[PDB]
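Here the structure is laid out as structure tokens; the discussion comes afterwards.
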Amino acid sequence: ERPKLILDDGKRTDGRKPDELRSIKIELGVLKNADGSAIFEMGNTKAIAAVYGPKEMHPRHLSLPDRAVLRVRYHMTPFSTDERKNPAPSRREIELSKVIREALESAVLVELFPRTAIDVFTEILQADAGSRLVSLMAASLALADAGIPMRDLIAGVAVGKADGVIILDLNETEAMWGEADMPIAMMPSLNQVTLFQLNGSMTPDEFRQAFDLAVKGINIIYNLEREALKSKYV
Amino acid sequence: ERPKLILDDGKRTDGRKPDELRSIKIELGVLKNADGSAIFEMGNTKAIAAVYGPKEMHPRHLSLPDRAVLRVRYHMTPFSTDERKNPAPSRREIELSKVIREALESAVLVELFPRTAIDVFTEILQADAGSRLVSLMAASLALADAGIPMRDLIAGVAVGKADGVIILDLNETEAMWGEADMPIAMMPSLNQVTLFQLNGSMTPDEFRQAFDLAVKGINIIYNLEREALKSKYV
Amino acid sequence: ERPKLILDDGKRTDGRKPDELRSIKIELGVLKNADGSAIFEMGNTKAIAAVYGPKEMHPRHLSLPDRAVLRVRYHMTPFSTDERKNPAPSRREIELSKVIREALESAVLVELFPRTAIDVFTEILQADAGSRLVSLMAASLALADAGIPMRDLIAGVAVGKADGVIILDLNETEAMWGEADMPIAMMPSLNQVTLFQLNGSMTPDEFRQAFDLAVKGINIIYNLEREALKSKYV
Amino acid sequence: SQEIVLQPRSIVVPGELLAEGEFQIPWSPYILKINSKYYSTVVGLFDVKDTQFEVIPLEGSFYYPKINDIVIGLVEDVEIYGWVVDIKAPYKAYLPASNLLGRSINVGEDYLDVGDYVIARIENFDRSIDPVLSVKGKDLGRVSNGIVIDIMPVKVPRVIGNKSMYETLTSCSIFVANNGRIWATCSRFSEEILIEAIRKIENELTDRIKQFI
Amino acid sequence: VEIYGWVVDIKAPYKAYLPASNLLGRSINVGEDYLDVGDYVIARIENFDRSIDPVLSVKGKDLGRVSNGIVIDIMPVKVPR
Amino acid sequence: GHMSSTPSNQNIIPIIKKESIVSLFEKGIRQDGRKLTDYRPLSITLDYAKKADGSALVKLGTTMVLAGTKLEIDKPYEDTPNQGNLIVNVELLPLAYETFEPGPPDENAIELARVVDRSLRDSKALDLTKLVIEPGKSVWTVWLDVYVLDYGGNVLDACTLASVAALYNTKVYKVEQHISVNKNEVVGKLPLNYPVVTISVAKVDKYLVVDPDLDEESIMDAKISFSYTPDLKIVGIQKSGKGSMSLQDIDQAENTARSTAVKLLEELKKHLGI
Amino acid sequence: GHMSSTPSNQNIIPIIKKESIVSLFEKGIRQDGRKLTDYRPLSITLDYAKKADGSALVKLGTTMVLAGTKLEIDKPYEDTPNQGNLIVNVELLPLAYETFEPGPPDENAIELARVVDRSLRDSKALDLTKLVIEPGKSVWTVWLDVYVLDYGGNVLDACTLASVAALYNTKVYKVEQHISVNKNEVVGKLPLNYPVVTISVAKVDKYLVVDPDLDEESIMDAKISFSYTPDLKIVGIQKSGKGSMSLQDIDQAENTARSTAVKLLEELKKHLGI
Amino acid sequence: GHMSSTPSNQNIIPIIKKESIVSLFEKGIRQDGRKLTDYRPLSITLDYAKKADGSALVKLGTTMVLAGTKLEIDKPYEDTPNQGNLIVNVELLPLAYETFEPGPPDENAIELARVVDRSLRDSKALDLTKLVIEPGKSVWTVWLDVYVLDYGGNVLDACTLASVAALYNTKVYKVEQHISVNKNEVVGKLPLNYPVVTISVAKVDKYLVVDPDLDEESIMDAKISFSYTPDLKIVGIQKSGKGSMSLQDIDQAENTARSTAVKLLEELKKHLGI
RNA sequence: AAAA
RNA sequence: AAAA
RNA sequence: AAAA
Ligand code: NA
Ligand code: NA
Ligand code: NA
């Protein structure tokens, strides 16, 4: 709304074309004590996740008789941001814990383990836009790394509009000053959307262009998640 | 203490005589999902209550072996007052939750249902004095509407002194600026007091006059509660 | 760091020699409803403790199969200090609850009563330095008074350095303005340390002098705890 | 070298050395043997039966369940096949309906309830279970008449003696459970024996006290 | 240690149970208290299904308490390798 | 600290009941006899809470929501010195449903407040720069509190309707310099550019359903809510629920949502007077 | 969020015990040998907490309460710019009774703090306009913290006695302009108009009893507390407990309460020096 | 309200396992083949968290800790008007160990934050009077947040190393008067006098062990941590754990701790560049 | 409060 | 904090 | 936040 988000050369503030992703880096089995672990970086957005494998949930009236219960935490460290975030969970963090959980719920073959809980803890170490998605993907990989069966991996990317241009994988500047910001996550092999939100505004047509660009970006990310996982064995 | 509460014509700021009530309006079965529901209006004081019928209390070490446990909530909405009230329970709201609960405890035939809980949730939507009593009466009616057996209904009214005159059913101005403010609730058919408090001050004689005026006002209210309940069937 | 803590006469702000204790006063069985009670005063530092004898811990998954669980609370009253302390537990109070608990854990023959809890509640009524230790000793005596078996009593005293002089049983001024402040507690008959902390700074040699002075002070206190307990019977 | 350190009948305290060397003393919660030293664990009274020593505790509100003890309990709950009973210990006691009924519980059936006192024996107990009670004994079961006085369980043997103290008291028809509780039936003025019990916990004799009162 | 048995960690999502009657080959006697916390026990799974926790049995040769030796933990998925 | 967990003791709805609700799906009607694309009977009552600055009681089928506003005077946020404040809260009162116990807002109430918040804020329906008084030093804070009284399905949409209605219904008072508020003197209504609606579309089986009731919400795979302004820009989207949705599913849902919004907006405008 | 529930694991008192406590009721005496209208032995110890500005330790039978005050300097509330502040807290320490676990004040501690608060505030014993320093900009805040150490029945009355005593015992310090507090220099005592008492009357069966002990409180149908100033105006009334009370019951209780207050007030005045 | 309780469901470590870990103790080696006095492999990564002002990721054996700082501008505390602020927090993330659930810091995280805090504050490594900007009106607040990611024993020491490293790694920005912070312009690093180390010594049986791993921590009687500055002054001591320690035990532990610190300090200095 |  |  |  103030800075120029698309320059006269038609590129973005970080030099990317509108259809270009930030660089990605994945690491597996980083935490010795967790049943499953991962770090996912997407440009300057960094997340780590730990999974604690299916275990009988004590309550137990919180357990489910037919399936496992997912417990998930999205949380940002105080130094993950530009100004220090208070470590107490914000309304935003609470919402995102639920949105991320519900995304995983469609992936994780939970009925294999009734009366159990599976704990997914993700921390945002660096937040430069798209962290709910980076948190999601870390979680997905940590589950994979923990040997908890799943339908598919989850890949996700945010699309938006900035200065009227539909763009792929927004950096923080684009999120703050852009017109729309729309994170999308799927199980790509199954063509199923697991996370879908929009804030800002778009015409219905912009929404359809933006959505089509998101899928193409997600396929690239998905391939990466797949190699990352296969890497140590190959 | 500043505004004139009794005018030269000997009437009150709202035109009432000292022995006159605010208008009353009752509605039953307003909430489809609750086992019992009611709205009680007394002048500008509005309350709604929902009852959730006897149900096994999970804990269960909180349950009682011989009777049911009443769980009750008095709460005021942020916009129920002149300046926005924070929705977090105040010390006052906590006290009143207990006072109202204890009032109901003498009415509700709890030993019929041992090891159960009965939930009573009352919300103050408009607060112009006397809401603990309006909340109480709503609760009483909601229990009646839910078919939870009781000894009697509960009727209540606040009496006070303003500019040295004993008065019936105080509006908010009289409560804030008056000398004494004394809410009283009974099971009138049984002649039993269930709620009794005074704030402010009175001589012992004033206390006795005020108390006698309260009973007369309560009998009028009681008749109303009785018709209200009988209305749909008649 | 500002006031003179050791005067030209070589004495302290309260007139004591560096190797001299504040006066001590102990009272037992002060609370009729507690299984065990004590008040310990050390100069201006006052504490009271109540013990609630071994009792089956409800949870019960918090209980231990082989021993009793100690539950302990260190807390300071709002008026125990110079400026009113908020009654909500501070970080400091939380730490000290744990440090005191762990001290008692070495004393109390807990395996006598598996699956139980023993509650120790100590309140600081007057805080002029050394209260964690005074709280500890009260707790120890309250356990003794409650007939809960123990290996030994716990005696404790803080030593420090002020203006370069090693000193015994610091008053509040010495704690605030001194160079080091080192509370130490033992089961003296067994030669076992139960509580050990230092804040401030000392050379390793100062640490050894200070520690040797602490033991000598603890033996005096220990004798007192022993007489106090024997007093009513003798 | 084998030696007792304290004059007998001494006032002993947690951490206090009682004796040094190798004795053959039945393990006891009031004495701690650390290698060749023996210390008191409680505020108590040192004692020497013949060649063995023991510490008599002077403190403690709690009773410790011993198989076959006779206690007076307070019904605090009703379960589906039994009652939960407070016998003044760290653990709550259980009373199987089958034990009281001498048979299975019948369909739709509902003897003892909350606030009832029950004289019973401990049929079962060990470090790993809560005490189970039995009323299948003479004079056991529900408590109808009389009163119940509570006292420190650690004080029960002092109200007893060589049966001495008991005799004194009933001159009044009392029963002294190990529980640390005492059943009685006297009329109401006579009941004020209660004040004489209080003085016994107050001085661990009273004969004179009751003649004048 | 429960009133009629032991709770056992067999490294699964669910904890395993060991009936005292199975280990004792008889009922538990009045006042009785073989295995305790920190003990290892080689056992077989006598019962289990989607709706219950695994029940263990030591009534087999070489089953029961583990006295000598050591125990190494590894990924269950690695056992056939 | 806190985490999101899969809900345990929920409205367990019997097998036979599910099979029945679909049944009529084949023929384009539901239990209550409506078409897969209809909203339930809508009712709006303004100035319902008399001590609110603005209020609206909303009945949508059996779902019942009361939105109220209070205006206060404040310093502005430093990140927004030329703008009033909007603060949205939603309470899911234990009065709404047997399984809603009391306490601080759970993830559900919070998620609701935030979705409404976004729809309001991101649509620009309420221009916050209009709530300034002396720029940088004092602005109006609009407190919007939303109380669900009866939980009968599609709570989100109803909260939005109630919110918009309460805002349009908001009375503003004269400010006096000396800076006080004279509540004896109403000097206008909160300035809104336009209304906004949220349209929730549940996926139940092979079927997409507008404005799900309670029974339908309890058998739905997931749902997706789209917010619209009158020019039919999309101003908020939120997928919720445990199930996933195909790409075509979401495409068809927005098309259906948007179509429904046209009608809902006319209806809302009728009720609001505008 | 939070709600009031009927207390579950309470002091279950055996049937026989109840029957006995009544027994002596027929003859006008209780267990401890007192008359239905007597208070237990009262003991008050001032300046008991040395770092308090004012304190009193109160022993009433076995019930034990320690009230302490701290004075601070503050801006006044906007609704009361010409008045100091009074803030009352009561902690029911887990030290008082086996069933009081620790944490934030339960409804009981809060109700206690508020009843004392009202009795103090509504009696005008403490004139808050006397605690002003520079009107509108700085006043004294009186913090009254009340700690129940031994719970032996009739906690409310004892809290009131302790509160009044701690207030009368409050030292005030010289204020220095530059505005600091010189705590080296006591310049007076908090100004009180008069003392106040609360008198609790339990209904136990056909009987009304003043100053119930623990056993009696656990068999009482309900209780009712009346607060008095020396001129014997009623300055606070609070019914508590699960049982109801007839109109005549309450009438006779105030008559009895007031009669008791005369004596209690003289006694309190003796202890306070006034 | 809140109390400290003996931990219940902990890492129950089998009898045989204990007997083995001692075994090699007789010969001066541990499971991992180290000498009773060695630290595990140490690894430090600075500027690891890119949006921190200063950060260090610390790997010590399997224990992993990430310390980050943020600097803000504030009014100073009234008790310290000529000094910046230091605020230390430690989160033991549920990511570190299976039994660490989420929420506000338990006594463990708090005790950790406070021991580091003291070691930092009482050593004078960070001179708070250096963080003043306009004395009395504005100072820097150093927020140090410490996140345990993998709990593998001796968490305290690692938190200290991480803390010191993050501090040395802290970038400071130009302040602009008008008083803003230009984060485009780094104008220096936080000024530290020197590093500090904490050295934890576990007592396991007849044995004293430096830098216990997880298995050893779970069989240790107690542990004791000593903090040192480079001149080897003792600047903090903390005993923790349920067991006691003889006087000679503690004497030998400090002697051993101090000896270890010499090496640890050189190592840390290497990593920090200093 | 919103944004990361 | 109190008042609604 | 630290200190009592
Ligand atoms: Na959440
Ligand atoms: Na309450
Ligand atoms: Na603690």
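Values reported hereafter were calculated over all heavy atoms of this structure, with side chains retained and with hydrogens, waters and symmetry mates removed. Proteins get letters first, then strands, A, B, ... in listed order; numbering begins at 1 in each.
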Nearest-nucleotide pick for A:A175, side chain only, options being K:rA4, I:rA4, K:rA2: I:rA4
Side chain of C:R132 (C-beta onward), nearest among J:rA1, K:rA4, I:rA4: K:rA4
Salt bridge present between A:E93 and A:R132 (N-O < 4.0 angstrom): no
Distance-only donor-acceptor test (3.5 Å): side chain A:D181, base I:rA4: no
Nucleotide nearest A:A129 (side chain, heavy atoms from C-beta), chosen from K:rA4, I:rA4, J:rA4: I:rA4
Ion pair H:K51/A:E172, N-O distance below 4.0 Å: yes
Pair H:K183 + A:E83, salt bridge at N-O below 4.0 Å: yes
Any B:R91 side-chain N or O less than 4.0 Å from OP1/OP2 of J:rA2: yes
Basic-acidic side-chain contact under 4.0 Å: G:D117, G:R121: yes
Side-chain donor/acceptor of H:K50 to backbone N/O of A:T45, under 3.5 Å: no
Nearest to side-chain heavy atoms of C:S131, which nucleotide of J:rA4, J:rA1, K:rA4: K:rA4
Selection: residues 109-124 of chain G, any non-hydrogen atom under 4.0 Å of RNA chain K: none
Donor/acceptor link under 3.5 angstrom from C:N44 side chain onto base of K:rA4: no
Residue-phosphate contact under 4.0 Å: A:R92 side-chain N/O, I:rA2 OP1/OP2: no
Value in whole Å for how far the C1' atom of I:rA2 lies from CG of F:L144: 14 Å
Pair H:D145 + H:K70, salt bridge at N-O below 4.0 Å: no
Stacked pair G:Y77-J:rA2, distance under 5.5 Å, angle under 30°: no
